[PDB]
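Presented below, as structure tokens, is a lone chain in the form deposited in one PDB entry.
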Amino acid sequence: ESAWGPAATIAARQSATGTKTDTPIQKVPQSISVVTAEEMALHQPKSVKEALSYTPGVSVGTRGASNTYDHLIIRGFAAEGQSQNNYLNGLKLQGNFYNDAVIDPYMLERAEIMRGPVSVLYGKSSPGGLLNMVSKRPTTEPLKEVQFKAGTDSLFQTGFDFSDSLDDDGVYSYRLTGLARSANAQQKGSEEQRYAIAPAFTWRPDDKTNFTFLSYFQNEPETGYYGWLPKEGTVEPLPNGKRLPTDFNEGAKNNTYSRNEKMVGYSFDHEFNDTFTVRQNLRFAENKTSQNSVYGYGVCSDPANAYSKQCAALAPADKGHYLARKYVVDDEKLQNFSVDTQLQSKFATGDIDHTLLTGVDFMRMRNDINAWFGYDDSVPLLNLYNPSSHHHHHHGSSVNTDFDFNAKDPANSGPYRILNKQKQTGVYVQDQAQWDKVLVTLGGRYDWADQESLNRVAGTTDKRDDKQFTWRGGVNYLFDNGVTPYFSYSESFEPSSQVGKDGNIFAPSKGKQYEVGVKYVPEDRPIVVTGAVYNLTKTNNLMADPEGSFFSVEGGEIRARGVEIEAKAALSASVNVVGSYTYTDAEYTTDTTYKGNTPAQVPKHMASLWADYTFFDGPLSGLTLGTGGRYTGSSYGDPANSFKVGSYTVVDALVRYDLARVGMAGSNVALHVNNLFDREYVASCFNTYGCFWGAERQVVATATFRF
């Protein structure tokens, strides 16, 4: 009935991120979720992150109110370094250090999250999973959209989406999506600004051929808050019994953070005859980032400030209500090129049909870093006692003061100049073989992953080339009542970039996952229900030197066993629901300093559930009301597990009015409120000095008009 209904449910039955062939989800041997454009058009997520909010096995809010990155912890793990493991159009948006790129969800057609290992199809990748976003492409029918938004915290967004054919047959079409946004961050003194234009052009010379040029250009002068808060004044009280308020900001007042993104590429597909289709996906990007940032580093009483002179210089009983701060100045610039070429051969073997994928994937990334870091006594301290007042929780925080980012005292501060390079060439093969009600997926990939690192300050150079194989295989049994039981085994690998006591770069870490579960994907009614349970293991995790040095040592091992269930269904033509539940038991299996502990930021239990009700009768016709709940279980705030961050439940809702009924059909007006009950929670902590206030209640009005 309404866009995000079953038209959405069913469009999402289909995917490709999991097999690199266009396959429906019950024929996919691995856990995979899909979120459609109609859905983001309903929910209006600030980022790709919120877009996956009702999906299992993923924490999307770890960093709370910050929006700088779309970082996701999946099935308990994150990538080498805490780097994003994000794809756009099947190709990796490879970043490095603070140079990580994001794509606005207004420019997306869909997003898919693939859980567990997938090196079998993409190369070095985090066990845990990967995120694949898909660019809006030119439309068959015309589209002329203009959208306006006004919200709390001074959000003003203006954007458009126009697509048309240049000929009546449509061999030529384009799309141009753009947006201008600005708001002030939840934290006092921080703002956000974004400018983004995505020009796309499709060429279908006929119907067995498609070349779509995909481009994206984004400028962000200000990215906003990305600071660190002590568990003291957030999770826990300050010695005075109080807390830092949710809008508090430990940074300078002249803290500045910016990103620049430009990309050009294309998606290409050509079906030659009945057995041979070829597709090539390619992209080039040049992205940049800068920042001047003063950041928190815990209270003076925190182990991490043992050696801080401004901290030792205080009354023992004060140490725990004062804040050590550091800083960084960064300038970076990277280029990333990618091409994946694949040949799909469909054919039979008697009563056995095959879809045989064979392809070569390549990328190179270069990132040039030139920064400077304040060490132990590089910046003033802060008394969290004034901040802590009820005055402030009530009449707001107060900006701090400037900070000379140029006076770089060699005393307490240093330069960091690195030039990183990565290359990976992989060849993979896979077959989806179906013999009646059996679908068997199996293939493997081999990778040449080479890196090189130059340290311009030490004038030194670290290199390592890895050579890796990974494979995966599984079966999905297809029952026509709509029941697809499946299971499989899969792997992934990930090079280290760290260097050990012997002056060398450690070896790769690896991913090993056993998964089984079933998928209820009924062809008659608009419902999808999936359930899965899995054993995922990461080996060769870098750990602490059993012998007290400043180097890590390898051989560590972490395990995540878990359960995930997702469910989406139209319940009546006016009621739709979607929701999930996740159970993740993650464990340090082999570790110098932590066997038995669970890793920070990952809850044992999480869940979410959403419902929308649309009204087609009476005088409330074309009025949608929806509301949802997101449950985040308790979690540890440090590898030591010395403390815990608590469970929370945020409630979101909207009311949308289908303007249609005043002529303007296809237009609509909406009102969205996130964290309806304006709850105060700490999102997570990655350590005792690294904590994050969750997002305080937001209100946004959106008017989207279709000419």
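Heads up, when I say rigid core I mean the largest set of C-alphas that superpose within 1.5 Å between the two forms. All residue numbers refer to positions in the sequence shown, first residue = 1.
Omitted here: the form deposited in another entry. The next part is about that form.
Quiz item: Picking from 9, 687, 15, 698, which residue has its CA shift by 2 Å or more between this form and the one not shown, once the rigid core of the two forms is superposed?
Solution: Shifted by 2 Å or more: 9 only.
Quiz item: Did residue 10 and residue 482 drift closer or farther in the other form, going by a CA distance change of 3 angstroms or more?
Solution: Between the C-alphas of residue 482 and residue 10, the gap widens in the other form (3 Å or more compared with this form).
Quiz prompt | Residue pair residue 7, residue 138 - Cα distance in the other form, closer or farther (3 Å or more) | solution = Pair moves closer in the other form.
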